[PDB]
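Next comes just one chain, in structure tokens: the form solved without the named molecule.
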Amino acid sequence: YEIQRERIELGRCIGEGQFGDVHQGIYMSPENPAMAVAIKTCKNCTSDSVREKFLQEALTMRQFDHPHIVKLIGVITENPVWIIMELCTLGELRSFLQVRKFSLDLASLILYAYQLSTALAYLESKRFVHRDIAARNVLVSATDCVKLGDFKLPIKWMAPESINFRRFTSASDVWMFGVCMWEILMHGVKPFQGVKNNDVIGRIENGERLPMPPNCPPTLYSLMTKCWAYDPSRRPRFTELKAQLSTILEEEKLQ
């Protein structure tokens, strides 16, 4: 998986990332003389502590093979350290939704939620807990294809047991997925706008939940509310979410 630097032509900055900016580029590779790629960069990669955390992402991504999870291409492990990934040419999901807010039909938003459920059902099948499911970590490969893209605390996405006890499980992933579904149906608006991170848990324990997005089908909003059961053991699993989303999507396409 090591790629010689000379094989990479660093292009335009596409977006921000957790450890540094992400660029598009070209990988002049034996298998393909001009492969379009994404290049993740890492500021402070001279710190062994940061460089280790950054490169853990590569190791994690390499374990997975799913149509809606971005693929690792390779790594450059000399400074400046880079991760070379599959390029999703339409970029970050939040920006995509905001920009195409009045061009994307309801069926598209539901499709994106369903596709993400397929990736998350796959991760569940491997007993892998993600811990940071949110629209910011989803990328857009085509108008009909999103991919999970990334492997201080995101309090406004987190399940109550994660905020209170730093417990992260398959069940807490489902709570976060419910929030991500809300975000999609809100065309990339953040949850709990105007609320301080410290006040979120109080509202959750008081039984408050994100309201039904405009134009959201009632079946879909109800699925979100199931994800937001206070008791983790009452939350659905991703097999059930996938199934229900598939039915909602088909219903919507039949309108």
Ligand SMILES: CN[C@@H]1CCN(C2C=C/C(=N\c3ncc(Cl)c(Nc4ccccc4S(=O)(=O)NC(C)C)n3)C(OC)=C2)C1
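Numbering starts at 1 and runs along the sequence shown.
Missing here is the form deposited with the named molecule bound; even so, the following discussion is about that form.
* Taking the pose of the named molecule in the bound PDB entry and superimposing the site C-alphas, would you call this form open or blocked (blocked if 3 or more ligand atoms are within 2.4 Å of a backbone or C-beta atom)? -> Blocked.
* Verify the contact flag for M158: yes if a non-hydrogen atom of it lies within 4.5 Å of a non-hydrogen atom of the named molecule in the bound PDB entry, no if not. => So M158 does not count as contacting the named molecule.
* Tell me, yes or no, whether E16 is in contact with the named molecule in the bound PDB entry, where a contact means a heavy atom of each within 4.5 Å. => Judged by the heavy-atom cut-off of 4.5 Å, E16 is in contact with the named molecule in the bound PDB entry.
* Please run the contact check for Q24 against the named molecule in the bound PDB entry: heavy atoms, 4.5 angstroms, yes or no? => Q24: yes, in contact with the named molecule in the bound PDB entry.
* Is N137 close enough to the named molecule in the bound PDB entry to count, meaning some heavy atom within 4.5 Å? -> Contact with the named molecule, yes.
* Scan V70, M186, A58, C227 and let me know which has any heavy atom within 4.5 Å of the named molecule in the bound PDB entry. => Among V70, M186, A58, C227, a heavy atom within 4.5 Å of the named molecule in the bound PDB entry occurs only for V70.
* Considering the named molecule in the bound PDB entry, which of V81, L111, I163, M85 comes within 4.5 Å of it through any heavy atom? -> For this set of options, the contacting one is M85.
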